[PDB]
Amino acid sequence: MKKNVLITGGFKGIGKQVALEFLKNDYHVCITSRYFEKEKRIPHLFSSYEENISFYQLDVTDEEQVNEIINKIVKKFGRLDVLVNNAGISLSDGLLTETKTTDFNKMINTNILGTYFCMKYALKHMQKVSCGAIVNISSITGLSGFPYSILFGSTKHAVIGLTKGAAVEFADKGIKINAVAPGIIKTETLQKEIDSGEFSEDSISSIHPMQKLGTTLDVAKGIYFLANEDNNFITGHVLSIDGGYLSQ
């Protein structure tokens, strides 16, 4: 009886907040981790929402597993209203000439291929019912050149490509496909890097015109807006959630 959303992730960072936002809006939420040991955290991470959450172990780089997991969800729930491609990694080296090819391939596999696989098998099901929403997560680096994050940015540019391409292809099938482009977001990972003193908050805050960092809630709200049933006419769009970064 509830709308159903699959998030690739959900246990930390943006993904966890995305899970919370959909739960607060009466969705059944499917969350994932590569690590089965995370399933037992659910009652404690999501106190009052336990009954509306389903766990799946999933590595998005494993195409067969992506197909298997999405099939399982569709069989069990009879619906897949929303896919959020949250899974993503940044292996931030130095200058381009010093970057590791192995790092690039890992980012390609997770950020591009993972998102492609999830889209590919979700759309197989969404096609059949002529409805659904996909929200991909890009970055400001997916729309601009960002020193020391060139390779990450390249993968996030590719994500925008998958978004716009699929949007135009599925537009007449009533499926909305959009992306968000976050600036620098204060996740747990970043918060502890600020807390350990190796990074000043004000130092990296200054990157955005609003002179503050983004929050996981900022991102979750944008994603929710693009995914909910009241989005009838927004598709192929990349929503900047960046305190004005891309407007300069």
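A residue's number is simply how far along the shown sequence it sits, counting from 1.
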Averaging only over Cα atoms, indicate whether 161 to 169 or 126 to 134 has the higher B-factor in the PDB entry. 126 to 134
Stretch with the higher entry mean CA B-factor, where the candidates are 54 to 62 and 194 to 202: 194 to 202
Among 89, 143, 108, 74 - the residue whose C-alpha B-factor is largest in the record: 74
Ranked by Cα temperature factor within the chain, is residue 41 in the lowest third, the middle third or the highest third? highest
Can you tell me whether residue 179 has a C-alpha B-factor in the lowest, middle or highest third compared with the other modelled residues of the same chain? lowest
Is residue 97 in the lowest, middle or highest third of its chain when residues are ranked by C-alpha B-factor? highest
If you rank the chain by CA B-factor, which third does residue 207 end up in: lowest, middle or highest? highest
Entry-reported Cα temperature factor of residue 221, expressed as the chain third it lands in: lowest
